[PDB]
């Protein structure tokens, strides 16, 4: 059971799918923090909120690093001595496909900032909360029930498995996120905070497209289930949406 969880980017795709799947759980989280850039929009998320009080909507554009201090402040005020059990870095972007001969430096930097730098900086900010949760549940084994950072990655970030090429901004950012996941796993081991990169499979969202074999509920359903079964053995790993180990 996850008492509290913070998930970034929940007005659309997988973020929203995860929220719903979290609710359908027999023992849903007591505090489900969800970020989105425009609360005015996210009608579906705003509607889910008006129907589920365990949902907490926080408005912020993750690119504003100075705004993090307050994000964590708002969380701590609600959770207090129980900290934050899970940070789920889901917010991500994928520019349009493009050949090396058409790659733009700005597209690379922007993708790297949102898909790589943000997750690292948010992890940094949430560390105090994650450690409090890890301590509060120190009698339990490693898992989302204690403390964990789940970085939503992608199989396209699998260098060993890249046989199609292209997608420079996206691939570099997800392979970079993976390297961050591994370092975080080593650095946070003392407090027993789990960190894993997870590929949600190819899902039919605005990013995944209509050609994807998986739908949102199917993926997120298994994801919530998978993260719920992840333990110390999978710490610092790269796993598929069903828990299968993936290649870096």
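Numbering follows the first chain given and starts at 1.
Asker: If you average the CA temperature factors as listed in the entry, which stretch comes out higher, 205 to 213 or 182 to 190?
Answerer: Per the deposited B-factors, the answer is 205 to 213.
Asker: Taking only the CA atoms, which stretch has the higher mean B-factor in the record, 124 to 132 or 90 to 98?
Answerer: The entry gives the higher C-alpha B-factor average to 90 to 98.
Asker: What third of its chain's C-alpha B-factors does residue 161 belong to: lowest, middle or highest?
Answerer: Residue 161: CA B-factor falls in the middle third of its chain.
Asker: Residue 78's Cα B-factor: lowest, middle or highest third of the chain?
Answerer: Highest third - that is where residue 78 ends up once the chain's C-alpha B-factors are sorted.
Asker: Going by the entry, which third of its chain does the Cα temperature factor of residue 35 land in?
Answerer: Middle third.
Asker: Going by the recorded CA B-factors, say which third of the chain residue 196 sits in, lowest, middle or highest.
Answerer: Lowest third - that is where residue 196 ends up once the chain's C-alpha B-factors are sorted.
Asker: How does the C-alpha B factor of residue 140 compare with the rest of the chain: lowest, middle or highest third?
Answerer: Highest third, going by the recorded CA B-factors of the chain.
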